[PDB]
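[1] Structure of the sequence below:
(4 chains, ligands or ions: 4)
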Amino acid sequence: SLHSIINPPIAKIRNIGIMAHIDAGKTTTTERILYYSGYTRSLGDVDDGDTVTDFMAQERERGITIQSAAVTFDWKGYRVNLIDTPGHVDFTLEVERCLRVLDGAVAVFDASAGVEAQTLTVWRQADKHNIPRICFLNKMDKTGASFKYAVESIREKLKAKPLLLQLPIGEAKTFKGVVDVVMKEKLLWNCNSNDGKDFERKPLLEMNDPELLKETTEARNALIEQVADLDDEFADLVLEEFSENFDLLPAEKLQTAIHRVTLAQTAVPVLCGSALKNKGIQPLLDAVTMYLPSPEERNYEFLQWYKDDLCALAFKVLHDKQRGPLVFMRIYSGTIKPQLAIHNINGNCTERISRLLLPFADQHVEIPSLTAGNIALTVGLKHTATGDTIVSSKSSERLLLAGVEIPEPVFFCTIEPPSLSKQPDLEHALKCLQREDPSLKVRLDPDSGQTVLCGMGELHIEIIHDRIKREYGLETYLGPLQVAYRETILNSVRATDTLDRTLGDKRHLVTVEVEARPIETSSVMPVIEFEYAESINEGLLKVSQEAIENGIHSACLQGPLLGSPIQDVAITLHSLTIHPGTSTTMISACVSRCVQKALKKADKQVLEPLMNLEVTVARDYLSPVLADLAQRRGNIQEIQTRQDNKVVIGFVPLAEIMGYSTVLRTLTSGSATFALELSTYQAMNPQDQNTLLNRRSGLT
Amino acid sequence: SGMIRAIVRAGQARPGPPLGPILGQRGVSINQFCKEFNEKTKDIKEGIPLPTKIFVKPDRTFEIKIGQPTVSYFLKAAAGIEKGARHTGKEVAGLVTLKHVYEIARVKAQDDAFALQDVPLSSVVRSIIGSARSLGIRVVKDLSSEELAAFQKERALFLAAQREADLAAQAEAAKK
Amino acid sequence: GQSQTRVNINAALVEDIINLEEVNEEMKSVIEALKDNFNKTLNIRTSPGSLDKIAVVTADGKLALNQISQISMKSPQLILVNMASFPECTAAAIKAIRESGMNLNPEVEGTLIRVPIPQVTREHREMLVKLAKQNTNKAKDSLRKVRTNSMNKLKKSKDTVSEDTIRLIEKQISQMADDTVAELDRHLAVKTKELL
Amino acid sequence: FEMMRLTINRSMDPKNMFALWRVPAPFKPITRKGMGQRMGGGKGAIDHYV
Ligand SMILES: Nc1nc2c(ncn2[C@@H]2O[C@H](COP(=O)(O)OP(=O)(O)NP(=O)(O)O)[C@@H](O)[C@H]2O)c(=O)[nH]1
Ligand SMILES: [Mg+2]
Ligand SMILES: [Mg+2]
Ligand SMILES: [Mg+2]
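    Residues are numbered from 1 along each chain as shown, chains lettered A, B, ... in the order given. Ligands and ions are numbered 1, 2, ... in the order given. Right below this line is the structure:
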C-alpha cells in the first residue's frame, strides 16, 4: 500500500531497536506497527502466519527470532528504521551489534513476568552503550497481568526510576483501553482488526467519571513531580509559573521535559499496551516519534570531527546465494551514493559499491539515494569485516570506530562431516558461517584434531547445525569434545626381550635388557619429556642409538591403559646385545616390544588435563554454583566477593565440564559467566582413576 | 541494622576485601569509614591488629568503636616471637613473666568485656595465663637475666630444624 | 527360568588331568589381548603404533611394518614410513596398508611411504566399528582354540577317568568359555558405543 | 571374624580403648561334596574352617 515512502530531514528521522525477553512480543509488536503503517496488508501471527519479520525457515519452525530483522517505515511525518532483535542469551552478539550501530531502544516487558533476566542483561548492554530507552509493558491482556506490579519490579530490581505515562483500564482479559497522562485523554479499542482503524479520543468521558478524573490528575501530579525533581530547568519553570496550578500545560513543555529526561539517561517513559489484542501500538508509535532520539540529537564526536566525508559503519553481513555478500551498515556523515569507490580503514583497501538499497528484510527495492543516520544494505562488498569504518577520499591516528567485540563463546561441540569428499563443502560452509557470525569460533583440536565449534550456547550450536543442513545441504553430526589423557608409571620395572627372524639370508639376533622408572623433574619439564640413559656397553651406539630412539618413541606414543600418550619416564638401556647383520628396524621393533611389556607390568597411572575456571555469579546463587563445582571435582583456589558479584577461581578437569554452560545458566537463572584456560596436567587419585576405568569399560 | 566485628590495622584501613564489600552491602560508604578510622587511630602504631565494632543505621550512617588489641598479639610481642607454636604443651615458643602478664592485664583492663564485667585484676591475669598456655608460652615465676637469650638460641635452632623437616616432608610428598 | 545352573566343582579334587586355573588364565589372556588391541589400534585416530602390526609378506613369511620399516610422524596429520632396510617389500606394504581395514590410503614415493590421516567422520567411525567386530570375531576364534585344547586334554585323559568326572569337567570348561565370550561381546558393545 | 575386626577397629578409639579376641582362629574343617552330588562315594572336600 504505502511501500513508496519519502525520505525526510534529520529532525524527522529516527532509528531504534526493540529488545525484550524470549517470547515477550517483539515480533508481534513489529508486525502490528507495520500493519498500522500500511506496509503489511494482512494481519498474521507468529505461530501461523509469520509475515515479513522472521522470514527464515528455522525461525518459522522454532517460533523464535534468530537474526535481527531491519525494517524501514513511515509514521505521520516521520521516517523510522526499526530493528527487531533476537533477544536470546545465545544471540547477545546480535543484540550488542544492533545496540552499537544506532541509539534508541524500546525495552518490552511482560506484565505477569517480573525481571526476565534476559531483559536485565540487554538493559546492562544498553546502559553500557549509553542509549536512551522507552519501556513498553506488553501482554496486558494475559491473565495475571499487573501494571503496578511490573512497575514496582522495574523500580526495584532493574535500578532505574520509571516515568509512568499511561494507565490501563483492566488487567485480566478486561484491558480494553488506556488513559494518557500528559494529554488527559482516554483511548478505546472496540473491534477485531485494527480496533476501529483508529483510537477513539473522548477526554475523560467529558467530566463525568470522578474516579478516573482523580486518578488521572494524581498521575499527572506524580509525573510532574518526577520530571521536576529530575530536570533542573523544568523545575525552574514549575517554580516560576505553574506552582499552585498543578495543571501546567497540555503537551509542549511537559513533553519537552520528558524528552530531556529520556535523553539524559536518568529516566525511562513507561507505556502499557498489548500487541496481540491490537491495543496501545499507535500510542507507542506516537511516543516513539515524540521522545526517541533523532540521529543528530546526540552529539556524535565522530560527526563533530568530520561531516563532509562519507564515514559509515558496517555492522552486519549476510551470505545469501543470489545476492552475494550483503553488508548492513549505518551512514554517519554526508550523503552516500551508489557505484562509487569507497575506502576501508581496517583493511586500507578500495571497494566498488555494486548497488545500494534500504532493508525491508524480504525483498530488494534498490533505493537510489540515502542520507546520514540511515541503515543501508550494500551489495558487492566481498572484502568486509564485522567491525570496520568506511570513508571516502581518505580525509584522515586513524579514523577508526570502535565496533563490536567478540563475546568469548563458551559452549563447545565437534562437527562431523559425513565423508571426506563432503568435508570441503563443510569447511566452506563453516568459513561462510564464521564470516557471518563472528561469535561462532571454529578451531582445530591439538590432539586428535577434529574440527570444533565454539558458540554461545546449545541452542546456538543447534541452530547453526540446522542452518548448515538446510542452506548448504550436509548431514553432519555433533559430538562432545574429546579429552586428551596422559599416562605415567609409578615404580621402576625391568624388562627383557629377544628378537629372531630367520627369513633366509641376513640372519639377525637382538637381546634387549631395559628398565623404566618414574622421573622426578616433572615441574622442570612440564612438556611431554623422556629421559634416555644408556649404560656403559658396546662402546659404540650411533645407528643402534637411532634405532633405540625411534623404537622407544614409537612405544611411548601408545599407552597400555587408555591408548593415551605416555610422559615423564626414564628409560635406561642395560643391555643391547645384537648379532652382526641385524637391521635397525628389527632392533627398534625388539626394543618397542620390550618397553611395551615393561610399561604393561608397571603399575600405570592416568593423568587428566586441568584448567582454570573463573566463574562470576551473584550472592544468592553462589552456594549452588560451588556445590556443582565440587560435584564436578573443582578444587576452589580463591573466592573474591566483588561489588554485587562473586568470582570463584578454581581448578576443574576437562572431563567434568561437558555442557557446563547450560547447567550454570540453569542454576543461576542465566545470570552467570565463566572463563576457561588450560594450565597443567594433574594425576588422578586412585578412586577417580578406578571410576574412569570402570566407566570406559562399561559397568564392570 | 546489625552488628559488625572486624579485625583492622591501626592505619592500614584499605577499602578493599574482606571489609569493603561487607560495608558496601550494608549500604554505608567505605571511603568515609577508612578516613574516620585513619583519623581516629593516627596516634596508634601502624601495623598492629585490633578488633573494632561498626554500627550501621538506616539512612546509611556508620559509627566506629575500637577496643584493645588481641591478647595473642600482646603476648607474642611480650615474648618477642613472630608466630606461635604448633604442638601446644609439647613444645614451648617463649617465656612470659608474671610481671609482663600483670602489665598486659593492666593495659587491657580498659576494654569492653572486662569493663562491663567489673572484676579484679586477678581474673584478667588468670585469663592471660590461660591464653599463654594456649599459645604454648611458658609462664615462669621470676627468671629473666640471660636464660631468656639462652632459650632463644635453642628455640631458633629448633625452628630451623623444623623448617628443614617441613621442607623435606613437602619435597617427599611432591615426589610421591 | 534360571535355565543355567553354574557349576564350580573344585578344580582341586582334580588338580592333575586338567588345570582349571590354567584354562582360566588362558581365557583371561585372550580377553586382555582383545582389550590391548582395542586400546592400541582403534582409539579415534591412527598413530604410528597403530599400523605397526599390519603383517607384510616377506620371504614367504609374515612380518610387521614396524619390523621391516621405520614409522614416524613428519607432519601433524601425516605418517612417514621408511623402508630403507627392505625396499623390495614396498608394494607388499602398500597392499597391507590399503586392504587393511583401518582406512589408510598410502602414497608411493619410491621408499618414503606417505600415509595421511583421512579424518574422523561417520564413515571412519563405521569402519572402526567394523574393525572392532572383526577383532572380536578373531578373539572368539582364539578362545575357541583355547577351549578345544582343554577338550583335547580331557580326551587324552578319557581312558581311566570316570565318565561323570569327564562330563563335569567338560561342562565347567564350556561354562568358562561361555562366560569369557559373553565378556568379549560386552567389551565389543562398549567399544562400539564409544566409537559411535 | 573379618566383620568383627573391621567394625570394632573402625568404631573404636585406639587412644582410649583396647580389644582382644577370646575365640581361636578357624581350625575345624568343614567339607562339601563338590564333584558329584549323589549320596555316597566317600567324604567330601575341605571347603572352609570354623
Ligand atoms: N496473550 C498474549 N500473548 C502475546 C502477546 N504478545 C505476544 N504474545 C505471544 O507471545 C509469543 C511470542 O511472540 P513473539 O512476538 O514472537 O515474541 P518475541 O519477543 O519476538 N520472541 P523471541 O525473543 O524469541 O524473538 C506468541 O505465542 C504470541 O502469540 C500479548 O499481548 N498477549
Ligand atoms: Mg515463556
Ligand atoms: Mg517456544
Ligand atoms: Mg521474535
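[2] which residues touch residue A:157?
    Taking CB atoms under 8 Å, 6 or more residues apart in numbering or on different chains, we find residue A:157 in contact with A:115, A:120. Every residue, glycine included, has its C-beta placed from N, CA and C.
[3] how about the strands in chain D?
    Secondary structure of chain D, counting by DSSP state E: strands at D:29-32, D:45-49.
[4] And for chain C?
    C:55-57, C:62-64, C:70-72, C:78-82, C:112-116.
[5] Now the ones you listed in JSON lines, please, with extra columns for mean neighbour count and distance to residue B:87.
    JSON lines is the format used below for the strands of chain C (neighbours: other CB atoms under 10 Å in any protein chain shown; distance: least, CB to CB, whole Å):
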{"stretch": "strand C:55-57", "mean neighbour count": "17", "distance to residue B:87": "67"}
{"stretch": "strand C:62-64", "mean neighbour count": "17", "distance to residue B:87": "63"}
{"stretch": "strand C:70-72", "mean neighbour count": "20", "distance to residue B:87": "58"}
{"stretch": "strand C:78-82", "mean neighbour count": "18", "distance to residue B:87": "61"}
{"stretch": "strand C:112-116", "mean neighbour count": "17", "distance to residue B:87": "65"}
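[6] Make a markdown table out of the ones you listed and add distance to residue C:44.
    Listed next are the strands of chain C as a markdown table, based on distance: least, CB to CB, whole Å:
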| stretch | distance to residue C:44 |
| --- | --- |
| strand C:55-57 | 24 |
| strand C:62-64 | 23 |
| strand C:70-72 | 19 |
| strand C:78-82 | 16 |
| strand C:112-116 | 16 |
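[7] closest one to ligand 4 among these?
    In terms of CB to the ion, the element of these nearest to ligand 4 is strand C:112-116, at 46.4 Å.
[8] got the angle for the closest one vs strand C:78-82?
    160 degrees (axes from the mean of the first three to the mean of the last three CA atoms, to 10 degrees).
[9] mind listing what residue A:39 touches?
    Contacts for residue A:39 (CB under 8 Å, 6+ apart) come out as A:1-3, A:52, A:73, A:360.
[10] May I ask which of these has the most neighbours?
    In terms of neighbours by other CB atoms under 10 Å in any protein chain shown, the contacts of residue A:39 top out with residue A:73 at 22 neighbours.
[11] got the residue ranges for the helices in chain B?
    Ranges of helices within chain B are B:20-26, B:30-40, B:71-79, B:98-108, B:112-116, B:121-135, B:147-175, based on DSSP state H.
[12] do you know how far the residue of chain C most remote from its centre is from residue C:17?
    Computed with CA atoms, centre = their mean, the maximum C-alpha offset from the centroid of chain C is found at residue C:160, amounting to 37.3 Å. Taking CB to CB, to the nearest Å as the measure, residue C:160 falls 9 Å from residue C:17.
[13] hmm, back to that, could you dump the strands of chain D into CSV and include mean neighbour count and distance to residue C:144?
    Shown next, in CSV, are the strands of chain D (neighbours: other CB under 10 Å; distance: least, CB to CB, whole Å):
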stretch, mean neighbour count, distance to residue C:144
strand D:29-32, 11, 32
strand D:45-49, 12, 31
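[14] which stretch among these comes nearest residue A:658?
    Nearest to residue A:658 among those is strand D:45-49; the distance by CB to CB comes to 47.5 Å.
[15] For residue D:19, see how far away the residue in chain D positioned nearest to chain A is.
    Distances between chain D and chain A by CB to the nearest CB are smallest at residue D:10, namely 18.3 Å. Note on residue D:10: its distance to residue D:19, by CB to CB, is 12 Å.
[16] These two: which has the busier surroundings?
    For residue D:10 versus residue D:19, the count of surrounding residues by other CB under 10 Å is larger for residue D:19: 10 against 7.
[17] give me every residue that touches that one.
    Contacts of residue D:19 (CB under 8 Å, 6+ apart): D:8, D:12.
[18] Distance check, it against residue A:612.
    Here the distance between residue D:19 and residue A:612 works out to 49 Å (CB to CB).
[19] Kindly report the same for residue A:604.
    28 Å.
[20] neighbour-wise, which of these two wins?
    More crowded of residue A:604 and residue A:612, by other CB under 10 Å: residue A:604, with 18 against 15.
[21] Which residue comes closest to the more buried one once chain neighbours are left out?
    Spatial nearest neighbour of residue A:604, excluding adjacent residues (CB to CB, 6 or more residues apart in numbering or on different chains): residue A:561 at 4.9 Å.
[22] Quick check: the one you found touching residue C:39?
    Yes. Counting by CB atoms under 8 Å, residue A:561 touches residue C:39, with 7.3 Å between them.
[23] re the thing from before, and the strands of chain C: which comes nearest residue B:166?
    Among these, strand C:70-72 sits nearest to residue B:166 (CB to CB), with 46.9 Å.
[24] Report all helices and strands that that closest one contacts.
    Helices and strands touching strand C:70-72, by 3 or more CB pairs under 8 Å, 6 or more residues apart in numbering or on different chains; DSSP states H and E, are helix A:543-557, helix A:584-600, strand C:78-82.
[25] Am I right that residue A:390 sits in a strand?
    Yes. The assignment for residue A:390 is a strand, going by DSSP: H, G, I helix; E, B strand; the rest coil.
[26] which residues does it contact?
    Each residue near residue A:390 by CB under 8 Å, 6+ apart is listed here: A:310-314, A:329, A:342-345, A:351.
[27] Same check on residue C:117?
    Taking CB under 8 Å, 6+ apart, we find residue C:117 in contact with A:449, C:45-46, C:77-79.
[28] Phi, psi for it please.
    phi -80, psi 110 (degrees, to the nearest 10).
[29] Tell me where chain C has helices.
    C:20-40, C:65-68, C:90-98, C:122-157, C:163-195.
[30] Can you say which of those helices is packed in most?
    Looking across the helices of chain C with neighbours counted as mean count of other CB atoms under 10 Å in any protein chain shown, the highest average goes to helix C:65-68: a mean of 25.
[31] Which phi and psi values does residue A:604 adopt?
    Per degrees, to the nearest 10, the backbone of residue A:604 is at phi -70, psi 150.
[32] So it versus residue C:164, what's the distance?
    Relative to residue C:164, residue A:604 is positioned 46 Å away (CB to CB).
[33] Bridged to residue A:134, which residues?
    Taking DSSP bridges as the rule, residue A:134 bridges to residue A:106.
[34] From ligand 4, how far out is it?
    Taking CB to the ion, to the nearest Å as the measure, residue A:134 falls 18 Å from ligand 4.
[35] okay, how far is it across stretch A:411-421, tip to tip?
    Distance across stretch A:411-421, first residue to last, is 28 Å (CA to CA, to the nearest Å).
[36] Does chain C have contacts with that stretch?
    Yes. Under the criterion of CB under 8 Å from any CB of the partner chain, stretch A:411-421 makes contact with chain C via A:416-420.
[37] and that stretch, which residues are buried?
    Across stretch A:411-421, burial judged by 16 or more other CB atoms under 10 Å in any protein chain shown covers A:411-419.
[38] Report the distance from that stretch to the chain centre.
    Offset of stretch A:411-421 from its chain centre (CA atoms, centre = their mean, to the nearest Å): 22 Å.
[39] got it, and stretch A:234-251?
    So, by CA atoms, centre = their mean, the centroid of stretch A:234-251 is 47 Å from its chain's centroid.
[40] next one: stretch A:664-679
    Chain-centre distance of stretch A:664-679: 14 Å, with CA atoms, centre = their mean.
[41] re earlier: quick check, nearest of the residues of stretch A:411-421 next to chain C to ligand 4?
    residue A:416 (30.9 Å).
[42] who are the neighbours in contact with the closest one?
    Applying CB under 8 Å, 6+ apart, the residues near residue A:416 are A:450, A:476-479, C:120-122.
[43] As CSV, these with distance to residue A:432 would be great.
    Listed next are those as CSV, based on distance: CB to CB, whole Å:
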residue, distance to residue A:432
A:450, 20
A:476, 14
A:477, 20
A:478, 18
A:479, 22
C:120, 22
C:121, 20
C:122, 22
